[PDB]
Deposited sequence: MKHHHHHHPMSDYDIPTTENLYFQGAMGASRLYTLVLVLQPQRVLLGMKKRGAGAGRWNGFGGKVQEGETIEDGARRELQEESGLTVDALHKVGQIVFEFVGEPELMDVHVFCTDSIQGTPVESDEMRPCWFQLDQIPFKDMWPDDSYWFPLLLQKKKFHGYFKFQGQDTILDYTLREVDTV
């Protein structure tokens, strides 16, 4: 029914790393992630995708949320497991696929991100954990959604 995905926010006390995809989600800033592979844990997939997409090596990951995405007329629900970290090693690498950039917390480019980010980023920035569901029509319109803070992701 649903397909496992990861999403990793490198969130430091004064800045967050985002990445701009050159070609799904192209032209938007987003966290780093993708599909989880066979025999791979969700956390291991999060570590892998962060390195593949940003060049960074993450030490400890922390689960901060789970977000299910529905795109009307698409059979697969995206079950996105959201992680946060402050302990990274390396420098963000720009590749032909991905352009990383640090943003000050007051300057997060919400107009150039997936529209769901405006809803749950304020929770992530105050260190709250959450479960969410977003129903999209196309890539730009949220038809409906639910979002609640949780003690256990």
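| task | Residue ranges with no C-alpha coordinates, please: along the deposited sequence, counted from 1, in order. | result | In the chain as deposited, 1-28, 52 carry no coordinates.
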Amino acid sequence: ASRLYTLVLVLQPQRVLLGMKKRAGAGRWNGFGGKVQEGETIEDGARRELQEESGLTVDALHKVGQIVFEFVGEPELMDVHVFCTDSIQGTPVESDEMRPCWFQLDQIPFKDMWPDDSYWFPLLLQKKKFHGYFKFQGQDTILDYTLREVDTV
From here on, numbers count along this sequence of modelled residues.
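| query | Which has the higher mean CA temperature factor in the PDB entry, 121-129 or 24-32? | reply | Looking at the record's C-alpha B-factors, the answer is 24-32.
| field | 87-95 or 63-71, whichever carries the higher mean Cα B-factor | value | Taking the mean C-alpha B-factor of 63-71 and of 87-95, the larger value falls to 87-95.
| message | Quiz for you: based on the deposited Cα B-factor, which of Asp116, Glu49, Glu38, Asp112 is highest? | response | That would be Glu38, according to the entry.
| message | In terms of recorded Cα temperature factor, pick the maximum from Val58, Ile42, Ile108, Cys101. | response | Most elevated C-alpha B-factor of the set, per the entry: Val58.
| Chain thirds of CA B-factor: placement of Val153 | For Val153, whose C-alpha B-factor we compare with every modelled residue in the chain, the answer is the middle third.
| message | Lowest, middle or highest third: which one holds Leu7 when the chain's residues are ordered by CA B-factor from the entry? | response | Lowest third - that is where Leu7 ends up once the chain's C-alpha B-factors are sorted.
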